């Protein structure tokens, strides 16, 4: 709940590179998370480029009894937060598309001044553990390349 505020994306890894390349659905630049402990929800606010245009998107995730979350976005998503504090969030997600095809993703998001070594280590271990190659991780300091007509 004190966890709500201006989160930013650091890295996202994918088993399918096409999903996180420019114009891909999972190239999500976070702006804000809102945690609601009484409802067991997390609201995500982020920008993503699709079909050559940038949109500000909102997705609501709901905590399950087993501790994992579900959310509908570009398919159906089931995810686990593996590490969470006032300054970092490390998570892995399974996305299921309309054809039953699955993509596994890993993510590091932060709300502190810096990215701590401890943050990075958890992210990179998880990414290796899920079989994600280093070339299939995106660095979100890259230009989103939004048009400005």
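Numbering follows the first chain given and starts at 1.
- Note on 1-9 vs 138-146: mean CA B-factor is higher in 1-9.
- Stretches 30-38 and 84-92 differ in mean CA B factor, with 30-38 having the higher one.
- The PDB entry assigns residue 15 a C-alpha temperature factor belonging to the middle third of its chain's modelled residues.
- Sort the modelled residues of the chain by CA B factor and residue 59 lands in the middle third.
- Residue 66: CA B factor lies in the highest third for its chain, per the PDB record.
- In the deposited entry, the Cα temperature factor of residue 118 places it in the highest third of its chain's modelled residues.
- When the modelled residues of the chain are ordered by C-alpha B-factor, residue 104 sits in the lowest third.
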